[PDB]
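*Asks:* In order, the protein sequence lines correspond to chains A and B. Residue numbering for the first sequence follows our numbering, beginning at 9 and increasing consecutively. Residue numbering for the second sequence follows our numbering, beginning at 9 and increasing consecutively. Ideal placement from N, C-alpha and C gives every residue a C-beta, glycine not left out.
Number of protein chains: 2
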Amino acid sequence: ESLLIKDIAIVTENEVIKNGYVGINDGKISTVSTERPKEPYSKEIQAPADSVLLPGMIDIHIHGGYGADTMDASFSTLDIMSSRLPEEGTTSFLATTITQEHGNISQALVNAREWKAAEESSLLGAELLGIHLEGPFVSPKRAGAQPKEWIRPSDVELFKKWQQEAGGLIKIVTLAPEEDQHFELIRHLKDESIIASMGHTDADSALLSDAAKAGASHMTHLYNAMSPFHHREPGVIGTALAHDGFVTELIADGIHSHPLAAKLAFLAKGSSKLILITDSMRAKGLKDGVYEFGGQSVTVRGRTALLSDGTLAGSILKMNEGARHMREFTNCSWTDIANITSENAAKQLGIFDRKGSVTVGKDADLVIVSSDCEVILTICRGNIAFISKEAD
Amino acid sequence: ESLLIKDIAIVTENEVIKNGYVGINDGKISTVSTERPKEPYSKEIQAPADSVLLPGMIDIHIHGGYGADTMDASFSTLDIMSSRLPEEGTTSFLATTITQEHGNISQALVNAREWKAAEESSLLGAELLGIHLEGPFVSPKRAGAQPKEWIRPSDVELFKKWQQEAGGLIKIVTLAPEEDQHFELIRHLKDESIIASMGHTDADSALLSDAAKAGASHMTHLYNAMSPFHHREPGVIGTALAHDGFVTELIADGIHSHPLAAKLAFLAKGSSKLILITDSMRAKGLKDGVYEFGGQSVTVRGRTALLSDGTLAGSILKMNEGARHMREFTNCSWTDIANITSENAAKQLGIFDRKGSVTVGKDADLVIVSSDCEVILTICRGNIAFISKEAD
Ligand SMILES: N[C@@H]1[C@@H](O)[C@H](O)[C@@H](COP(=O)(O)O)O[C@@H]1O
Ligand SMILES: N[C@@H]1[C@@H](O)[C@H](O)[C@@H](COP(=O)(O)O)O[C@@H]1O
Ligand SMILES: [Fe+3]
Ligand SMILES: [Fe+3]
Ligand SMILES: [Fe+3]
Ligand SMILES: [Fe+3]
Numbered sequence: 009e010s011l012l013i014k015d016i017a018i019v020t021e022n023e024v025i026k027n028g029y030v031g032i033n034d035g036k037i038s039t040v041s042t043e044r045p046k047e048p049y050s051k052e053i054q055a056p057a058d059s060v061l062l063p064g065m066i067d068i069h070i071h072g073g074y075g076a077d078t079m080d081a082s083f084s085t086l087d088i089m090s091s092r093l094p095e096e097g098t099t100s101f102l103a104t105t106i107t108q109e110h111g112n113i114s115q116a117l118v119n120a121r122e123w124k125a126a127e128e129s130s131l132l133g134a135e136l137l138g139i140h141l142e143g144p145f146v147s148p149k150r151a152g153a154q155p156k157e158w159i160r161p162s163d164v165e166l167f168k169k170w171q172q173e174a175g176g177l178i179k180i181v182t183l184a185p186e187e188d189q190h191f192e193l194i195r196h197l198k199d200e201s202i203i204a205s206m207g208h209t210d211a212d213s214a215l216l217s218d219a220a221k222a223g224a225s226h227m228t229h230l231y232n233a234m235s236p237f238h239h240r241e242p243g244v245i246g247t248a249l250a251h252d253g254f255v256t257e258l259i260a261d262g263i264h265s266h267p268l269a270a271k272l273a274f275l276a277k278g279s280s281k282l283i284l285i286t287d288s289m290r291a292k293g294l295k296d297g298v299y300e301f302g303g304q305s306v307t308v309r310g311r312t313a314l315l316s317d318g319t320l321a322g323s324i325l326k327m328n329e330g331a332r333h334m335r336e337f338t339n340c341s342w343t344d345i346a347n348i349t350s351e352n353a354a355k356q357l358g359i360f361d362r363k364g365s366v367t368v369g370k371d372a373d374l375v376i377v378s379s380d381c382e383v384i385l386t387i388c389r390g391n392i393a394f395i396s397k398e399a400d
Numbered sequence: 009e010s011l012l013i014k015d016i017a018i019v020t021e022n023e024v025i026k027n028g029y030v031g032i033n034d035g036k037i038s039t040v041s042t043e044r045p046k047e048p049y050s051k052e053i054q055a056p057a058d059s060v061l062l063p064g065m066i067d068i069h070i071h072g073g074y075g076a077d078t079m080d081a082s083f084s085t086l087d088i089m090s091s092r093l094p095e096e097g098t099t100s101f102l103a104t105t106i107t108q109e110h111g112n113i114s115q116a117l118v119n120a121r122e123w124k125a126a127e128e129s130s131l132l133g134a135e136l137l138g139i140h141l142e143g144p145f146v147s148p149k150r151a152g153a154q155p156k157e158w159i160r161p162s163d164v165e166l167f168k169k170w171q172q173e174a175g176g177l178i179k180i181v182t183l184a185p186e187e188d189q190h191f192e193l194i195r196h197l198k199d200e201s202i203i204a205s206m207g208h209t210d211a212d213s214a215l216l217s218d219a220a221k222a223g224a225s226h227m228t229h230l231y232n233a234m235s236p237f238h239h240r241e242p243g244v245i246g247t248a249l250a251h252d253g254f255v256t257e258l259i260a261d262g263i264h265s266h267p268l269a270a271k272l273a274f275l276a277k278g279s280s281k282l283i284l285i286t287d288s289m290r291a292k293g294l295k296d297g298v299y300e301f302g303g304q305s306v307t308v309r310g311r312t313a314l315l316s317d318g319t320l321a322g323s324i325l326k327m328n329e330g331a332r333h334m335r336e337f338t339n340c341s342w343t344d345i346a347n348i349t350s351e352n353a354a355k356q357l358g359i360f361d362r363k364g365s366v367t368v369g370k371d372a373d374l375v376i377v378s379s380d381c382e383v384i385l386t387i388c389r390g391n392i393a394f395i396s397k398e399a400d
């Protein structure tokens, strides 16, 4: 169905239209205007009072949620994340693996390749943009909740095998540069236009600066599983903040880091160099309990997911809720929200021609939210994928 | 002598005049223009080729230099700092005390009061704007090079005595808020328009936020003698960076903190909320050796001043050299330099009506520097106080 969204504040690439209309046809945005379009629309949505139209949010680092985990390596896994992610305003994602035995990683990559290729559920809900390979090529000293017994130095031929198994779907790799001899895998990823994200790394600042020259461009979940900031040895944390060649992922749940630490990331990076993620695992959107994550038991109580030794282990964060917290932490604009939840991700993935802004020609991936970032309605490639309690 | 500076790039409050003239009469700036003034001038200075006219730099945290230390409590002490500070582009300063026996602090404060009052050397060189009382009301856990045996909790009646002894000259106090029961002294300083600078403090973020409400507004030498940044407990370092109610002093020598840490301070604070200082002690501008500082022996080798246990102990930094490093660390503008070396200090001390910008009506405190921040000439309240190797 062609679709028209009526009388809403629209957050475009560069501005906020106070009251506008967006028309959608054959999956794409065909009209963005202050005035009702002439053309007829099959369904029309009358937007609630103080609502805001944002570009659909893009989560580049997310393991699971709603009982599912990428590592499970079934079609059901992705039917579920696909189906349910629109409820937190997410319209596309990178299914994220974890450090694990290489054959477990192979199964997850092949599953995703085949599920996307099936073109069944992969046409509906949040679009599987590909894979974020998180580990195993990380530091034994910054494992966090990555299974320690499966951590191994970078292996370019094994990755090459993984990327063939993935049918080219791997878009980002998280790795520790100091565990990558000669920046071999970093140099390989740069060659292949796969983002090299520095994470779970105990590297010093000098080495990170050299990695950026070899092609590193992202930092994985800023503050988490990183060598700390010392004012005379800034480590991963200080380089991620002060080095303008890195885009920084951030988990804005107010648990992975303090509100002032989230605010510092926004001050230091600016709204064009920061990408909110959930890093969520399978207990997101379920109840208290114990859940598998990377072969370990994670005990979820309240908003905190912990290993038995109290190590934080993924999040329980919904994407829209991250937006709300960042607005509280920094008083940023709706424009900045669109940036740090959608636009920056799209640009970094090289898909800004089709995602990441409310703009004519792009996929009609959109979220209607309240002034408080509650999700009201989500559209995915032109189909309504979620409608909240405010139906009618 | 009335004075005219000819054909120079001038850094005003809000702009850089590419080629201008500044005329000076009876100690004040009387003309700032792109065109040669009509009025006759007794001496005229022809500025060298790529030079820049900056407002004279203001150092709000400096113990000594050139063999002298505030704590020495002689007229010679201030004759020397007064006389010699213009060589690093400094035209006004706060002589800074240290943690020490209360009678040693009394002597330093009375000396300064009497030396300023004498109006002899106090009319020439860098102007003694008053005193920065650094300690003793600091943390035993963040003493750094402050003499540990003299550290004591805040005492409002003893300060009140000190300020009477100082003839009202105390403009800033460095103190640890957690050692100030009920924020009593902080509340007192706010009442008296004396800056309360948080420093040598092991406080957490919550407490610092409450101190700012009680009236705390500065942070003493950002990164040094501070509880570290942890991403979930930001401490003094993270609050100083992310809390917009604090102006942050910074020692830009590339030794007290790493270049990326200096750059982070500039990203997080912006150029209106950061104040370069030297924190220099008596060995500044002398040779390698051992020197007294706060009753301890400081071994100066190269650019590093250390206690016998390797603790950093004041700096050997010249003010203009701090400007040069910050330009290297951040690529900031000449305008930003004027801010972080002069304007912000003046505004914070409540003396922007007379210092801190190249502006008609203000004291003629000015520094001519090269494109690399080498000092060429310094004027103090209208008198030439330093002329380098480029005479003629
Ligand atoms: N998925 C990662 C974990 O692996 C890590 O343990 C956690 C906390 O990291 P940190 O203790 O360094 O802040 O971040 C995320 O939750
Ligand atoms: N005058 C202070 C010292 O008291 C302190 O020891 C030093 C280093 O501080 P830190 O080791 O915390 O960086 O800063 C300045 O030099
Ligand atoms: Fe991780
Ligand atoms: Fe993760
Ligand atoms: Fe100090
Ligand atoms: Fe000091």
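Secondary structure at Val164 of chain A, three-state DSSP: helix, strand or coil?
*Replies:* Helix.
*Asks:* Can you list, in chain order, the residues of its chain whose CB lies under 8 Å from that of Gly358 of chain A, leaving out five sequence neighbours each side?
*Replies:* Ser201.
*Asks:* Does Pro63 of chain A come out as helix, strand or coil in the three-state DSSP assignment?
*Replies:* Three-state DSSP puts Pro63 of chain A in a strand.
*Asks:* Which residues, taken in chain order from the segment 164–189 of chain B, show a beta carbon closer than 8 Å to some beta carbon of chain A?
*Replies:* Here the close residues number zero.
*Asks:* Report the partner residues of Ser305 of chain B according to the DSSP bridge assignment.
*Replies:* In the DSSP output, where bridge partners are listed per residue, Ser305 of chain B has B:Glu300.
*Asks:* Taking just the CA atoms, how far does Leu141 of chain B sit from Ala211 of chain B?
*Replies:* In a straight line, the C-alpha of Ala211 of chain B is about 19 Å away from that of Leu141 of chain B.
*Asks:* With respect to the beta strand (DSSP E) encompassing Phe274 of chain B, which residues constitute its N-terminal and C-terminal limits?
*Replies:* First-last for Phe274 of chain B: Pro267 to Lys277, but that is the alpha helix (DSSP H), not the beta strand (DSSP E).
*Asks:* Which residue's Cα is closest to the Cα of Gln304 of chain A: A:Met289, A:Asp296, A:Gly310 and A:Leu294?
*Replies:* Ranking A:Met289, A:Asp296, A:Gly310 and A:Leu294 by Cα distance to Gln304 of chain A puts A:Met289 first.
*Asks:* What would DSSP say about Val366 of chain B, mapped onto helix, strand or coil?
*Replies:* In the structure shown, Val366 of chain B sits in coil (DSSP, three-state: anything other than H, G, I, E or B).
*Asks:* Does the Cβ-Cβ distance between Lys281 of chain A and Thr256 of chain A come in under 8 Å?
*Replies:* Cβ distance < 8 Å, so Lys281 of chain A and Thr256 of chain A count as in contact.
*Asks:* Given a cut-off of 8 Å on the beta-carbon distance, is the pair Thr209 of chain B and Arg150 of chain B in contact?
*Replies:* In this structure, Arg150 of chain B lies closer than 8 Å to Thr209 of chain B by Cβ.
*Asks:* Using alpha carbons as the reference points, say which of A:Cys381, A:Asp380 and A:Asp371 lies closest to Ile387 of chain A.
*Replies:* It is A:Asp371.
*Asks:* Below 8 Å between beta carbons: does that hold for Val377 of chain A and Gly28 of chain A?
*Replies:* Not in contact: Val377 of chain A and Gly28 of chain A (Cβ atoms no closer than 8 Å).
*Asks:* Mind pulling the chain A residues with CB within less than 7 Å of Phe237 of chain B?
*Replies:* Residues of chain A passing the Cβ test: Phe237.
*Asks:* Along the segment 240–258 of chain B, where does the CB come closer than 8 Å to a CB of chain A? Name the residues.
*Replies:* Taking 8 Å as the Cβ-Cβ cut-off against chain A, the residues of the segment 240–258 of chain B that qualify are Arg240, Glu241, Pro242, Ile245, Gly246, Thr247, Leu249, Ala250 and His251.
*Asks:* Over the uninterrupted beta strand (DSSP E) stretch that includes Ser38 of chain A, give me the two end residues.
*Replies:* Per DSSP, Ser38 of chain A belongs to the beta strand (DSSP E) from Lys36 to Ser41.
*Asks:* In whole angstroms, what separates the C-alpha of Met227 of chain B from that of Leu314 of chain A?
*Replies:* In a straight line, the C-alpha of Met227 of chain B is about 36 Å away from that of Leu314 of chain A.
*Asks:* For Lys271 of chain B, would you say it is in contact with chain A, using Cβ-to-Cβ distances shorter than 8 Å as the test?
*Replies:* Cβ-Cβ to chain A under 8 Å: yes for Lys271 of chain B.
*Asks:* Nearest-angstrom Cα distance between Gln54 of chain B and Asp15 of chain B?
*Replies:* Rounded to the nearest angstrom, the two C-alpha atoms are 7 Å apart.
*Asks:* Using a Cβ distance threshold of 8 Å, determine whether the segment 263–271 of chain B contacts the segment 322–337 of chain B, with at least three qualifying pairs required.
*Replies:* Yes, they touch.
*Asks:* Determine, using beta-carbon pairs with one atom in the segment 57–69 of chain A and one in the segment 343–357 of chain A, whether at least three such pairs fall under 8 Å.
*Replies:* Yes: at least three Cβ pairs fall under 8 Å.
*Asks:* Below 8 Å on the Cβ atoms is my contact criterion, and I expect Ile285 of chain A with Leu320 of chain A to pass it. Report the Cβ-Cβ distance as a whole number of Å.
*Replies:* About 14 Å; that fails the 8 Å criterion.
*Asks:* Considering only residues of the segment 178–263 of chain B, which uninterrupted beta strand (DSSP E) runs meet the minimum length of 3 residues and lie entirely inside it, listed in chain order?
*Replies:* Entirely contained in the segment 178–263 of chain B, the beta strand (DSSP E) runs reaching 3 residues are, in chain order, 178–183, 203–206 and 255–259.
*Asks:* Which residue comes first and which comes last in the beta strand (DSSP E) that contains residue 1 of chain B?
*Replies:* Outside the displayed span of chain B (9 to 400) sits residue 1 of chain B, for which this structure offers no information.
*Asks:* Is it right to say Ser50 of chain A is buried, meaning 16 or more other beta carbons lie within 10 angstroms of its own, or is it exposed?
*Replies:* Classification for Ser50 of chain A: exposed.
*Asks:* Can you name the start and end residues of the alpha helix (DSSP H) that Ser91 of chain A belongs to?
*Replies:* Counting along the chain, the alpha helix (DSSP H) containing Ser91 of chain A begins and ends at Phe83 to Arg92.
*Asks:* Can you list the residues of chain A that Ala151 of chain B reaches, using a CB-CB cut of under 9 Å?
*Replies:* By Cβ distance, chain A contributes nothing, its closest Cβ being about 17 Å from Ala151 of chain B, past 9 Å.
*Asks:* Using the beta-carbon of each residue, which ones in chain B are nearer than 7 Å to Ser265 of chain A?
*Replies:* The answer, in chain order, is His239 and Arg240.
*Asks:* Report yes or no: do three or more beta-carbon pairs, one from the segment 121–139 of chain A and one from the segment 76–88 of chain A, lie closer than 8 Å?
*Replies:* Contact between the segment 121–139 of chain A and the segment 76–88 of chain A is present, because at least three Cβ pairs lie under 8 Å.
*Asks:* From this set, A:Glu300, A:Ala291, A:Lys179 and A:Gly302, which residue's C-alpha is nearest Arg309 of chain A's C-alpha?
*Replies:* Considering only alpha carbons, the answer is A:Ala291.
*Asks:* CB-CB under 6 Å to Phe254 of chain A, same chain, minus the five flanking residues each way: which ones, in chain order?
*Replies:* Correct list, in chain order: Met227 and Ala248.
*Asks:* Which residue from B:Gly390, B:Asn391, B:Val383 and B:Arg389 puts its Cα closest to that of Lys397 of chain B?
*Replies:* It is B:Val383 whose Cα lies nearest to the Cα of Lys397 of chain B.
*Asks:* Please report the residue range of the beta strand (DSSP E) in which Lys51 of chain B lies.
*Replies:* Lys51 of chain B -> beta strand (DSSP E) spans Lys51 to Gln54.
*Asks:* Following the continuous alpha helix (DSSP H) through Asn352 of chain A, name the residue where it begins and the one where it ends.
*Replies:* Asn352 to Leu357 is the extent of the alpha helix (DSSP H) around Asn352 of chain A.
*Asks:* Looking only at C-alpha atoms, which of A:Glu241, A:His71 and A:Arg195 sits nearest to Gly138 of chain A?
*Replies:* It is A:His71 whose Cα lies nearest to the Cα of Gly138 of chain A.
*Asks:* Taking CB distances under 8 Å as the criterion, tell me whether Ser279 of chain B reaches chain A.
*Replies:* Chain A, which has no Cβ nearer than 8 Å to the Cβ of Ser279 of chain B, makes this no.
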